[PDB]
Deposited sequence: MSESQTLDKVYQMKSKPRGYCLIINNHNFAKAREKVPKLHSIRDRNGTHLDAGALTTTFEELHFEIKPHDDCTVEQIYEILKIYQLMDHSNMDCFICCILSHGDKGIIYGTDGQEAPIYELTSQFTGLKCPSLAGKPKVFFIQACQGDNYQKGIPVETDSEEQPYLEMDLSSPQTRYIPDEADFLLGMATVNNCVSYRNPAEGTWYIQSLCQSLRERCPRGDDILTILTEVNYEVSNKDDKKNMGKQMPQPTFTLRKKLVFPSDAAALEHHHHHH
């Protein structure tokens, strides 16, 4: 039988949501960001994630409109917490971004690796051997993706799943009336498939399929999400 991460504690763990909507300070402070838009629609992503992961028995921890400094202070608070009685940690970041980074609402940059590496085995021992899941909804550049017709020691960086809304160098999309292509597809697939016992890689493959089928007709644009993982077991949310 396939190895599966333990996933039975109540709660399963914390699910942080860093939900950046108001970019007034970025527009003021950073010259090239003078017209960066407030992220209308992001409330629908936060709401879907909250519902989805509450139903999966996570404890939801929302934080709205975080500067880069505040994001680091929040992740440090969780890095230093005792997760011994938890089975999992999830962090959802909803923001603007560019290649390898996400923006704080002040327009400063936070390298994604600087965020995730706060939860390695050495930095957060009470999460060692437990899945650390990051979902990043941000652009990773400004290119439109084109479309074509058809005991034991384990590594410090083990047990991570990084769900990116897009491949490097390209945009991801937000509909103010709906939420984002990626987070909305992710929650739909989690809600349909977790009750069937499907694992997160199966689910993220479906998210790839669904988001791939959407179109930005005005720019003949597409979006290609991209998971990366160092998971050593099947990840299911019962």
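Q: How would you list, in order, the spans of the deposited sequence that the model does not cover?
A: Residues missing from the model, as numbered along the full deposited sequence, span 1 to 6, 157 to 174, 263 to 275.
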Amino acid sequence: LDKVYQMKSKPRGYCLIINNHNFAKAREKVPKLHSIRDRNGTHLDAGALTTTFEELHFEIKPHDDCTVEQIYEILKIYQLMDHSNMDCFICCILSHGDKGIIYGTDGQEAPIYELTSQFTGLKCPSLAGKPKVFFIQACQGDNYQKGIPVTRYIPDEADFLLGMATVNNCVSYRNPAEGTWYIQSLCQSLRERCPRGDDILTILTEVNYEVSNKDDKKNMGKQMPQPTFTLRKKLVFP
From here on, numbers count along this sequence of modelled residues.
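Q: Compared with other deposited entries of this protein, is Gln223 missing coordinates in at least a third of those that cover its neighbours?
A: No.
Q: Is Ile154 one of the residues left unmodelled in a third or more of the other entries compared?
A: No; none of the other entries leave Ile154 out.
Q: Which is higher on average in the deposited entry, the C-alpha temperature factors of 14 to 22 or of 210 to 218?
A: Higher mean C-alpha B-factor in the PDB entry: 210 to 218.
Q: Averaging CA B factors per stretch from the PDB record, which one is higher: 151 to 159 or 70 to 78?
A: The entry gives the higher C-alpha B-factor average to 151 to 159.
Q: Between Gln137, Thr105, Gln140, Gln145, where does the Cα B-factor run highest in the record?
A: Each of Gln137, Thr105, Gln140, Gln145 was compared by C-alpha B-factor; the highest is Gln145.
Q: Sort the modelled residues of this chain by their C-alpha B factor and say whether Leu1 lands in the lowest, middle or highest third.
A: As the PDB entry reports it, the C-alpha B-factor of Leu1 lands in the highest third of its chain.
Q: What third of the chain, by the recorded C-alpha B-factor, contains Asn168?
A: For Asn168, whose C-alpha B-factor we compare with every modelled residue in the chain, the answer is the middle third.
Q: Taking the chain's C-alpha temperature factors as the reference, tell me which third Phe89 falls into: lowest, middle or highest.
A: Tercile = lowest for this residue's CA B-factor.
Q: Check where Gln184 lands among this chain's C-alpha B-factors and tell me if it's the lowest, middle or highest third.
A: It falls in the bottom third of the chain.
Q: Ranking the modelled residues of this chain by C-alpha B-factor as given in the entry, is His57 in the lowest, middle or highest third?
A: As the PDB entry reports it, the C-alpha B-factor of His57 lands in the highest third of its chain.
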